[PDB]
Each structure stands twice: as structure tokens, then as C-alpha cells.
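# Results of the structural survey
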Amino acid sequence: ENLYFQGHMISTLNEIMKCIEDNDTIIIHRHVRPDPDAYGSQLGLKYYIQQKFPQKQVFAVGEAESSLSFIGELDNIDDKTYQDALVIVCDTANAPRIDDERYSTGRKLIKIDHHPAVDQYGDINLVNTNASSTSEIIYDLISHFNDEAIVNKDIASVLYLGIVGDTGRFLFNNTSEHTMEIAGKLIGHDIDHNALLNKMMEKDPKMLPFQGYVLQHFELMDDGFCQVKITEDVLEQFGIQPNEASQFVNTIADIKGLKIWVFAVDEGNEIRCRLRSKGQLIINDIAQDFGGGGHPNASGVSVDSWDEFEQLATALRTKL
Amino acid sequence: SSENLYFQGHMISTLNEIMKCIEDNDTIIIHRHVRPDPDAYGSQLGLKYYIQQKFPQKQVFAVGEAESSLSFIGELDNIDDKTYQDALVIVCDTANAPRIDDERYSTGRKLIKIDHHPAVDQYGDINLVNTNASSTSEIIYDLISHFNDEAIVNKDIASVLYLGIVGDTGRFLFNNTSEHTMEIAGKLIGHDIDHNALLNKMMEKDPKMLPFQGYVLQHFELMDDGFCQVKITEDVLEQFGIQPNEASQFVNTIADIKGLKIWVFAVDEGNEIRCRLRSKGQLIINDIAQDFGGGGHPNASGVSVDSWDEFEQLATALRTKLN
Ligand SMILES: [Mg+2]
Ligand SMILES: [Mg+2]
Ligand SMILES: [Mg+2]
Ligand SMILES: [Mg+2]
């Protein structure tokens, strides 16, 4: 938290708003396979700009996810809308993982994210790994410009869901005192947080038999390591898609004596692995060692065979 | 809000009388309710540690039967009956006097009640009740704040109070979570408690029960009208090496399914099939349960049937409420 980082944060914040002020059309993108924080940061920024600058044309684009559609509706726009437009990307550490490839077809590109800065693809890169979520960064932006009063029910609701998504509702280690203070203020806007959380947690009945496979086929070792391996034949047995299977990475997290676990889904020509750890244990390092990365307690790796998975395992078990 | 400020003013006099009693007594003993929850532990130990930190020379004790699931929160004190002579007794989180754990609570010279449940039984000499608080732990924090002692809070105080707030809010999920609740929990996290570690310890589950939850997830039957049934045969209990009572704690495993309105979780113990009946919103199912020889509350009832053929009639009866 050096004094220089802080000064650069203020300047970056100020620069972003000038880019917003100087642009009539603002288009906001997020990552493929969106989560609540993706939807909440994108839409929250959209609604914030729309409230502060009611003449500007602000759009939120990408492929909609039916599980998240309750958060808000996305915009379908023409390729011409991008001409001399400001493009902002939320929540996306790597440019290949952005959901619409037109993010580069504009005059300016801004990145706002809370993942370690490894791909500085913006002309402006706002990165704060000390934030719980990109949603929380968006509220920090609002607070910087003393606009906390323009926050209405819509902004507060989508930003609240985004913080909740990335903290597991204030559970994970990325929840700070600042995180709780923001979420308190958001609830202050009468958003009926219980109703929102109930909607977000509601389950598609057709996915539950697969979740039961996880509960019955997890492998916990006395070491504190656990593994769940989903083969291509399993996804076929249950009629589910690999992104759908990935949403069950934390199904086993409450097991007594759990320390490190990996959730591996063979997506065909690539096994997507979600690496998770308890406490101050570190897995982000082993993730980078295999071409992956993310948070030290929540990172992702892809391998190309089950023999290479076993190496991801062995390496992870050395960390105790 | 204006209304909230008025509510805080009504309690100020009570807060100051509790503290005077605390100051006036060198021995202070704190009780909570039988079958304790996180909030019961956290409010009792929170207040104990607060008094111990503000008055290091007083003798402050937290009594009651320990619960193995919650003992990580803090250890309870074991005292002889004579310790209550001319002592101050405080009871936290306990609406009704028959539910105070240790009966020695009346053996002292003063009784104080601190609680957040509806004031139906004002069993204390002094009674502090705030139904607008999320939890008794949140009331304890408000007391600390009223006497400008927020800096006296240490890791012990913040940890136990945080767990008590988390317990009665479902970790900031229920409607009793206010903005003020969130703000307090923030301040508590600011005392460098390891909240994820504390929570992990609280949510800790037995790996043996996970397989059976999976069966439940692979053998529920949702109908288009929103009715859902889980039928557990006695052979299944044997397969997963579980007991009928254990198996009944999975009644709400499917409660988050989209479209769900009424469900029944039915377990075949050799003698009878024990059915747990549940409903969403304003749907009533306890009239149906009464019709088949059981009963309970409108949204949560139980009935025993003697055959799966009787189960089907119970089911058919339940669905008449969905039409
Ligand atoms: Mg995120
Ligand atoms: Mg995300
Ligand atoms: Mg309570
Ligand atoms: Mg209680």
C-alpha cells in the first residue's frame, strides 16, 4: 500500500471520470461465464453513469446467463455504436476472457478489476486486489466523486449482489471491514436483500442429481486434501454442461478437516480445475506454475490430461 | 430515522441502570438459554469479557451446560452455589424464565434481563429488550458503544459477538439484518479476528452425512404444481449407514428449488413412516397434517403414516392446496 500506489489510484480514478465525461457513448463488458460480481459491477457502473449523466448512452453487453438474468437486462447493440465510444471492462483479468470481442473497436479502453494485474490491456488499468470484488471498486469510484447520494435501489441492489457473490455473502477472507461498511450502506437503500439473496441462491432442479454425484464421489485424504474428478462420461450421464458442473466447486467445502481441494471437469481437449484452500494457505503459486492464476484461496488452472491432474494434485498436497 | 432515534432514547435510562448495578457489584454471573445457539454463547461471553476488560478486579463468570458444537466459541465457568451470595445475575438471549439454563439465576441480589425476543416475560428486576436488534450480541455491542468503550473491545470480545450476530442472522441473510447490524459486524472484523476461520469452525459438518444428502438430491420428485416429495425407504438408511433421526435433518435439503411450494420428507422407520411437511409463503399444510393424525405449524408440520399407500393419500391431500 505504498504512497505512490495511492496517488496513482486517485489519478486513475480522476482519469476514468474524465473519459466518461468526454464520451457520449459508453459500452461496458465483463468476462465470459459471468458470475454475480461480473453482472453487478457492469450494471452498477452503467446505472451510475446513467444517473449522473442522463444524456449519455450507456450500454451493458455480453451473453446473458439465465441464472443471473434477475440482476438486470443486457443491451444488444450494433457494431457502429462503438465508433469513438469509451469501452470499459469490469472484472476480467485476461483479455481473451472478455465476453464480446468488440471491446477493442472503440476510441478508448478502460479496465477495472480486482484480480492480480497480469494483463494490462486497457489504455487505463484500474486494479485493486485489496477490494473484495469489482462491485466494491465501483462503489469506491462513486464515493471518490462524492456521489453516494445518487445511489438508488437499482445501483445498490446490483452492487450488493456482486459483493455477496465474490465473498460468499461475507464468508471468505476477501471480506474486509470496508466491505461490510459498503454492504451496510447498500442495504440502507431498502433493497429487500433477503428477497435478492433467495433469488440468487435458487437452484435449477435438473442440476441437483449431479451435485449428489459430487457429494458421493469426493476423495478426502488424511492429509487435508480432497479431490472431485468429473469425467466426460459423467457429464453425459447427467446431461449437464461443464460450466454447469463448475458451479459445485464449493459443495464439499464444509467437510471437517478440509484444507485444500480441487474440482476438475473434463471439458474435452482441456480439464478446467478450480483450486481452493482454507485459511492463509497458498494455492495461487501452484496455479501460476501450471499456467493459471487468480486469488490465493480461489484460483483456476487448465490441464490437458488426467496424468497432468495428478501432478497438480501432488504439488498441491506438498502445501499440506 | 426519527422513529429509530426515539426507540434509542427509551432505552438510555435502562442502559445506565444496568451499568450502575455492574459497578455496584464485585461478583457478576451471566446465564443464557437451554439448548444454546451462537447468539446465546456470544452475548454471554461478550458481556463477560467486556465487564472483565472494563473492571479488571471484578469476578465475572459465565455459567451453564456446555454444548460440544459451540465450545470453540469459549469455555464456561464452574462455580459453587455460594458464589451467588449478594451477586449480580444477568441473563442474555432468554425470552422465558423456564428456559434459563442454570436455575441458580435467582440466588443473587439483582437480576437483569437482556434480550431481543418479544417482551412477554419481564423476569428481571431490570429488563433491556430490543426487538429491533438482530441479536442479543448486537445489544451487547450497543451497550459498549453507549458507554464509549468501543476501543476496549479486543479480539475475544469481537470474536464471540461476531459469531452471535452471524448465528441469528444466518450470516447477514435474514430480514433482521439491518444496516446497523452490518456496520457493527464491520467494526468487529476490524479487530483482526479471523472471521473465515471462525465461520469454518461454526459451519463444520461430518463427512459421513454428505453421501446421504446426495441420495436426497438424486431421488426427489418435483411436480409441475410445485409439490415435491423425498421418500426414504428403510433399505436406504441401511445402505448409507444412517439412523432415521439423522436422516430427518435433511428435510430442507431441497428447499431452495425453483418453483417449490410444498414438500414432504418421508422416512420409513420400521414401525411407521415419519413425514416432515413444509410449505412456502402463505400456504397452509397443518390442517392436512391434522386430518391424518399429526399436526404442527401452518408452514411446518409432522405426521406418521402406516403405509406408503397412506403416504400417497397424504400427498394427494397436500396438493389440493396447490390446485
Ligand atoms: Mg469477481
Ligand atoms: Mg467474476
Ligand atoms: Mg438470540
Ligand atoms: Mg439464542
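Within each chain the first residue of the written sequence is number 1 and the count goes on from 1 in that order, possibly differing from the entry; residues lacking coordinates are omitted. Just so you know, chain letters begin at A and ligand numbers begin at 1, following the order they were written in. Just so you know, side-chain values use all the structure's heavy atoms and leave hydrogens and water out.

### Some remarks on the coordination of the magnesium ion (ligand 1)
All names here are of chain A. In this description, a donor is an N, O or S atom within 2.8 Å of the metal centre, a cutoff extended to 3.2 Å for sodium, potassium and calcium. Water is not part of the atom list, which can make sites seem incomplete. For the magnesium ion (ligand 1), the protein coordination sphere consists of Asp37 (OD), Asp91 (OD) and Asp166 (OD), at 2.3 to 2.5 Å. Mapped onto the polypeptide sequence, the residues donating to the magnesium ion (ligand 1) form the spacing pattern D-x53-D-x74-D. The distance between the magnesium ion (ligand 1) and the magnesium ion (ligand 2) comes to 2.9 Å, with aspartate 91 serving as a donor to both metals. Residue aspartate 37 is located in helix α2 (residues 36-52), and its partner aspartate 91 is located in the loop between β3 (86-90) and β4 (108-113); the two are separated by 54 residues in the primary sequence. In DSSP terms, a helix is any run of H or I states spanning at least four residues, a strand is any run of E spanning at least two, and both are numbered starting from the N terminus.

### Topic: the domain arrangement of chain A
By convention, interface size is frequently given as the accessible area that disappears when the constituent parts associate. Residue and element names in this part refer to chain A. Residue ranges assigned to the domains are those given by an automatic or database domain assignment. According to the domain assignment, chain A consists of domain 1 (3-200) and domain 2 (206-318). Look at where the C-alpha atoms of domain 1 and domain 2 centre, and you get two points 28 Å apart. Contacts: residue pairs with any heavy atoms within 4.5 Å of one another. Every contact between the two is made by seven residues of domain 1 and, on the other side, nine residues of domain 2. Values labelled buried area give the accessible surface lost by two parts on being combined, using a 1.4 Å probe and summing over both. Taken together, both faces of the contact between domain 1 and domain 2 bury some 590 Å²; the carbon and sulfur share is 39%. Only one rule defines a salt bridge in this text: a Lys or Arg side-chain nitrogen within 4 Å of an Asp or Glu carboxyl oxygen. The tally of links between domain 1 and domain 2 comes to one salt bridge. The salt bridge partner of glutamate 267 is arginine 33, with a shortest N-O separation of 2.9 Å. Under the rule applied, a polar contact is a pair of N or O atoms within 3.5 Å (in protein, one hydrogen donor and one hydrogen acceptor; residues adjacent in sequence only if both atoms are side-chain atoms). Inspection of the domain 1/domain 2 interface yields one residue pair in polar contact. By residue class, the composition of the side of domain 1 that touches domain 2 is two nonpolar, three polar and two charged. Note that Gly is not counted as nonpolar here; it falls among the polar residues with everything else outside the nonpolar set of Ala, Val, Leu, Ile, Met, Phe, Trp, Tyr, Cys and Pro and the charged set of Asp, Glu, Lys and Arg.

### A word on the sheet that holds strand β7 (residues 227-232) of chain B
Residues and elements named next belong to chain B. The sheet built from six strands is open, its strands ordered β6-β7-β8-β9-β11-β10 with mixed pairing. Either end of the sheet is taken by a strand with one partner, and the two such strands are β6 (220-222) and β10 (295-297). Pairwise comparison of adjacent strand axes, ignoring direction, gives a mean angle of 15° for this sheet. DSSP calls a pair of strands paired once it identifies at least 2 bridges connecting them. Here six bridges tie β7 to strand β8 (residues 262-268), and the two strands are oriented parallel to one another. In the strand pairing of β8, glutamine 229 is matched with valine 264. An axis is simply a line fitted to the C-alpha atoms; with a helix, the fit covers only the stretch in contact. Between two such axes, the angle follows the N-to-C directions and lies from 0 to 180 degrees. Where helix α11 (residues 308-319) meets the sheet, it contacts β7, β8, β9 (273-279) and β11 (300-305), and its direction lies at approximately 165° from that of β7.

### What to know about the packing of aromatic side chains
Each aromatic ring pair is characterised by the separation of its centres together with the angle its planes make. In this analysis, rings of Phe, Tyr and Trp, with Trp reduced to its six-membered ring, are considered paired at centre separations within 6.5 Å, and the interplanar angle assigns stacked below 30 degrees, edge-to-face beyond 60, and tilted for intermediate values. Counted under the stated rule, the structure contains 13 aromatic pairs over all chains. Between A:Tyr213 and A:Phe238 the ring centres are 5.9 Å apart and the planes differ by 70°, which places this aromatic pair in the edge-to-face class. Taken together, the residues span a long stretch of sequence, with A:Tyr213 in helix α7 (residues 208-216) and A:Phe238 in helix α8 (residues 232-238) at a distance of 25 residues. Buried, partly exposed and exposed residues are distinguished by accessible area as a fraction of the type maximum, computed with a 1.4 Å probe on protein chains only: under 20%, between the cut-offs, and over 50%, respectively. Relative accessible area serves as the criterion here: at 22%, A:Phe238 is assigned to the partly exposed category. Here, a charge over a ring means that NZ of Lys or CZ of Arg falls within 6 Å of the ring centre while also lying within 35 degrees of the ring normal. The ring of B:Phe55 has B:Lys58 sitting right over it, with the charged end atom 5.1 Å from the ring centre.

### What to know about the UniProt feature "binding site: Mg(2+) 1" (unreviewed entry) in chain B
Residues and elements named next belong to chain B. UniProt positions are given in the numbering used here, feature names are shortened, and annotations may be inferred rather than shown by experiment. As recorded in UniProt, the feature "binding site: Mg(2+) 1" (unreviewed entry) lies at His33, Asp37 and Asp93. Taking the farthest pair of C-alpha atoms as the criterion, the annotated set spanning 61 residues converges on one region, since that pair is 9.5 Å apart. Look at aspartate 37 and you get partly exposed, because its relative accessible area is 24%. Discounting chain neighbours no more than four positions away, the residues touching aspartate 37 are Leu70, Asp93 and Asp168. Side chain to side chain, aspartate 37 and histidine 33 meet in a polar contact 3.0 Å long. Among the structural elements, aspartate 93 can be located in the loop between β3 (88-92) and β4 (110-115).

### Comments concerning the pattern of salt bridges
All names here are of chain A. By the definition in use, this model includes 27 salt bridges over all chains. The partner of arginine 102 in a salt bridge is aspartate 100, and the shortest N-O contact between them spans 3.1 Å. Both residues of the pair, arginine 102 and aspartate 100, belong to the buried class. Connected via shared salt-bridge partners are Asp79, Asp100 and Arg102.

### As for the interface of chain A and chain B
Each partner contributes to the interface: chain A provides 40 residues, whereas chain B provides 37 residues. Buried surface at the junction of chain A and chain B, both sides included, amounts to about 3,300 Å², of which 60% is carbon and sulfur. Our count for the chain A to chain B interface comes out at one salt bridge. B:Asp256 serves as the salt-bridge partner of A:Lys203, at 3.5 Å between the closest nitrogen and oxygen.

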